[PDB]
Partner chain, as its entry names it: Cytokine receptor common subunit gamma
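Take a look at this one chain, the form deposited without the partner chain, written out in structure tokens.
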């Protein structure tokens, strides 16, 4: 369970998300990693899944994000697609739907994905010889 390939599914999704600039990757999410490290692994995934869900719900039809061009509209749809896939995988990992996230700090979505990526790669590394 712990070292399941969902880890890889999440990482590969993170690679696509961070190699991807849009109009709205600088918009913010609550920085659940501004905590002082106080929670289990399932709480962490649940919290990450929560704030990402917050983001895609709120920015899927956001006029600031939707795009003028074909390419901008394509990239926005891509992003929302990848957040949902990531989110799906995080929730599957979390095994938990209810978890209060209490942080004041916001980071850009972009910074938050890089941080989640680091942690995910660390989990994988810890699993692997």
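Residue numbers count along the first chain shown, from 1.
Student: Pick between 13 to 21 and 116 to 124: the one whose mean CA B-factor in the entry is higher.
Tutor: Result of the comparison: 13 to 21.
Student: Of the two stretches 37 to 45 and 68 to 76, which shows the higher Cα B-factor on average in the entry?
Tutor: Per the PDB record, 37 to 45.
Student: For the CA B factor values reported in this entry, which option in 99, 90, 51, 83 has the top one?
Tutor: Comparing C-alpha B-factors across 99, 90, 51, 83, the top value belongs to 99.
Student: Grab the CA temperature factor for residue 94 from the record and place it in the lowest, middle or highest third of its chain.
Tutor: Highest third.
Student: Just say lowest, middle or highest third for the CA B-factor of residue 32 relative to the other modelled residues in its chain.
Tutor: Ranked within chain, residue 32 CA B lands in the middle tercile.
Missing here is the form deposited with the partner chain bound; even so, the following discussion is about that form.
Student: Does anything in 19 to 56 come within 4.5 Å of the partner chain in the entry with it bound by heavy atoms, and if so which residues, in order?
Tutor: If the 4.5 Å heavy-atom criterion is applied to the partner chain in the entry with it bound, 19 to 56 yields nothing.
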